[PDB]
Amino acid sequence: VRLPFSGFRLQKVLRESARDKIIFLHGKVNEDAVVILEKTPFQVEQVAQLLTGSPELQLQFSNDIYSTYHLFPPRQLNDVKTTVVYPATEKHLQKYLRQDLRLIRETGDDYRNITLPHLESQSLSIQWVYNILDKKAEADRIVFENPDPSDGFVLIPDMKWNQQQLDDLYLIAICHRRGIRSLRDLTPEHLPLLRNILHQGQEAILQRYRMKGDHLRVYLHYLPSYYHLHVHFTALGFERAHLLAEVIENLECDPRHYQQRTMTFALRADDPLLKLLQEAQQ
Amino acid sequence: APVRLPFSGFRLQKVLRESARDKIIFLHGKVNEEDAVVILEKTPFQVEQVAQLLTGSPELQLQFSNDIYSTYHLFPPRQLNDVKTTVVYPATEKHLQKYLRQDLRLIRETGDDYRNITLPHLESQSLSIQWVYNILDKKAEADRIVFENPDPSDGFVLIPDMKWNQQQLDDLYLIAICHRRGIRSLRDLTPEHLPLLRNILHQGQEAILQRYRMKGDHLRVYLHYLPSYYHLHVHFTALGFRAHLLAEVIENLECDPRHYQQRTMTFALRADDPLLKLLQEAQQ
């Protein structure tokens, strides 16, 4: 019926999105609180009947065939998903704060001298990846596997994808070979693995889901979110992304491409890596 | 006034386009039985009204709680429920295929495909670029130019996108159009264009720093292939707001002079694009 606190004074606007119709708000109550309001998606049926029966409209602009309005629907189309955090801590304020992103261009030398030492100094575990490759976790979900320990991989649908419609098709290939942290480690030695992922992955997807290769984007991320090579397969409808087909051709055209060339990506303004790369570049 | 729709009775025949992420839907319906397209979009929140509503006693229903977190359905007062509604009546066949969800296909165009197929197709369409020349010659939109390097070969003009209103930096969107004529797209770039491209990158970013106080590391500077028109133009867009980064285009040319004539380009086309069919037939 009522919120867990009484009173609400806006201290800060944590994060806004006009396109997604969402807002995150830091408030002071009674102590601290984060309230998240999100407008809901339309239901086709509710809107259909609304337009047949006298809607509450209010003209904004009109000219010949085009005309915009303000519509005020019945209570049922107006529900807003409202998440509340109380008491809210400093950790909840930084979590919902909009990511202030900054572009950076990392040379091959920057990678060797700054990025990689920083990565190694963090002791990030990818044991969870090895557990998937060893079939200790998620084996039931595997769509396709080339078991070759050098040129093989496992293809697994994203947990968020229910696999009931192709519009949001989203799978990941994780290679069996260990020690390939990212795009930066790729050499011509990896060409057979990369070709397998591209060609066998698309053929598995065509057979399993009836989606042709020209409906799919197949790519990697640099900066990846974890440091064991993995490739995305995504429906077309659904400074970071790198097409697999192009990675392959780059390696064929210039063997040392990914050790020598400059990579561009975004980092959070507060990311310690960003400070390190900026200091080295000036 | 509490106006009504210009037609009566709306029977849905097709859901043209829908996005749960964007909270919009595009509807095609029969009316006066004529075609009609109705577009409903939920509105963004205004901060003043949200804070006002929560300080009172809002209408809510608890879905679920986990300790400090709790999730509800909120039914706000009339003011927060506004839905932007666009009506197109009477709708023609062109209006229906305009709002219909894009059906896209990826294609990989080799250097030979461009020379043999894409370019001849582009040339058979005699798409006028005169509007671009009118801007470069100061016959149109001259007051909208934000910066110019007037050099005929290595210069350019920087103009804000018309959709952008220059009030907030979150959706900063500008275009640089080069003064040099005859550079259709990325496919025409060679090392002789390096001075021009460097100028666009550097003098473009420095002009934005001066005018909008926006540092370059807040910006994405890139080109599209295929572009929407065939006179080289570069996008400058906020990070907070297919593509080829201008800085990478430059480095490709420095490393491999013939890169954009020899290498394979990947892009999406509409399934019904005549070019798509032409390239698929060539490749099959």
Side-chain angles (χ1 to χ4, degrees), chain A residues 1-4 7-8 10 13 18-21 23 25 27 35 37 39-42 44 47-48 51-52 54 56-59 65-73 75 78-87 101-105 214-215 217 236-237 239 243 245-246 249 261-262 264 266, chain B residues 1-6 9-10 12 15 20-23 25 27 29 38 40 42-45 47 50-51 54-55 57-58 60 68-76 78 81-90 104-108 217-220 239-240 245 247-248 251 263-264 266 268:
Chain A
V1 188
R2 317 174 44 75
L3 287 108
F8 202 76
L10 189 88
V13 165
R19 291 133 151 287
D20 300 358
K21 323 297 181 278
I23 280 198
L25 302 177
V35 185
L37 299 310
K39 298 272 175 85
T40 49
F42 287 103
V44 170
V47 174
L51 295 162
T52 58
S54 62
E56 291 183 58
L57 293 166
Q58 183 185 279
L59 193 81
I65 290 171
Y66 190 92
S67 54
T68 307
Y69 306 84
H70 298 294
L71 177 74
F72 291 95
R75 163 197 198 285
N78 301 342
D79 55 89
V80 165
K81 185 154 177 256
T82 298
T83 306
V84 181
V85 180
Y86 174 75
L101 303 167
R102 303 287 193 276
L103 215 62
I104 196 156
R105 307 205 65 246
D214 67 351
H215 261 35
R217 251 179 311 126
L236 253 50
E239 54 272 10
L243 294 176
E246 296 195 338
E249 289 179 349
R261 292 293 299 270
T262 296
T264 301
Chain B
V3 154
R4 300 263 160 278
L5 293 167
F10 187 84
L12 184 73
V15 176
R21 195 197 76 191
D22 281 46
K23 296 95 178 147
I25 193 167
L27 305 184
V38 185
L40 299 93
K42 300 286 184 88
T43 49
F45 291 95
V47 195
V50 172
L54 297 179
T55 214
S57 299
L60 47 92
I68 69 183
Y69 278 75
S70 58
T71 304
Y72 307 91
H73 308 301
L74 171 49
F75 295 79
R78 269 184 32 97
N81 304 339
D82 183 14
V83 166
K84 308 236 184 57
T85 305
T86 301
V87 175
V88 184
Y89 164 85
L104 296 181
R105 310 306 260 290
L106 226 55
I107 193 148
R108 303 208 69 233
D217 68 346
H218 294 38
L219 294 171
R220 222 190 265 91
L239 222 30
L245 292 170
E248 283 187 13
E251 283 163 8
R263 294 300 260 79
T264 293
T266 299

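Any value given below was found using the heavy atoms of this structure, including those in side chains, with hydrogens, waters and symmetry copies removed. Naming convention: chains lettered A, B, ... in sequence-line order (proteins, then strands); numbering from 1 in each chain.
- Interface remark: of the candidates B/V88, B/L5, B/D22, B/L219, B/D22 forms the most heavy-atom pairs closer than 4.5 Å to chain A.
- Nearest heavy-atom pair across B/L239 and A/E239 is CD1-OE2, 3.1 Å.
- Looking only at distances, no side-chain donor or acceptor of B/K84 sits under 3.5 Å from a matching main-chain atom of A/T68.
- A distance of 7.5 Å separates CD in A/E249 from OG1 in B/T266, rounded to the nearest 0.5 Å.
- Closest of all the heavy-atom pairs between A/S54 and B/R4 is CB-NE, 4.2 Å.
- For A/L51, the parts sitting under 4.5 Å from any heavy atom of chain B are the backbone and the side chain alike.
- For a residue to count as touching a neighbouring chain, one of its non-hydrogen atoms must lie under 4.5 Å from one of that chain's; by this rule B/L12 touches chain A with the side chain only.
- Both the backbone and the side chain of A/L101 come within contact range of chain B, judged by heavy atoms closer than 4.5 Å.
- One N or O on the side chain of B/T55 and one on the backbone of A/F8 form a donor-acceptor pair closer than 3.5 Å.
- Interface residue A/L25: only side-chain heavy atoms are found under 4.5 Å from chain B.
- Residue A/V84 touches chain B through both its backbone and its side chain, counting heavy-atom pairs closer than 4.5 Å.
- Nearest heavy-atom pair across A/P41 and B/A20 is CG-O, 3.8 Å.
- To the nearest 0.5 Å, atom NZ of residue A/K21 and atom NZ of residue B/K23 are 7.0 Å apart.
- In A/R19, the CZ atom is not crowded: 12 or fewer heavy atoms of neighbouring residues, nucleotides or ligands sit closer than 6.0 Å.
- Only the side chain of B/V50 comes within contact range of chain A, with heavy atoms under 4.5 Å apart.
- Contact annotation for A/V1: only backbone heavy atoms (N, CA, C, O) come within less than 4.5 Å of a heavy atom of chain B.
- For B/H73 and A/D79, the side-chain atoms include no donor-acceptor pair closer than 3.5 Å.
- In this structure, B/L106 CG and A/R217 CZ are separated by 8.5 Å, a value rounded to the nearest 0.5 Å.
- Of the two parts of B/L245, only the side chain, counted from C-beta on, holds a non-hydrogen atom closer than 4.5 Å to a non-hydrogen atom of chain A.
- B/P90 and A/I65 make their closest contact through O-CG2, 3.6 Å (heavy atoms, listed as atom of the first residue, atom of the second, distance).
- When each of B/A247, B/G240, B/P6 is checked for heavy-atom pairs under 4.5 Å with chain A, B/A247 comes out on top.
- The candidate with the highest count of non-hydrogen atom pairs below 4.5 Å against chain A, out of B/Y69, B/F75, B/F45, B/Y89, is B/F45.
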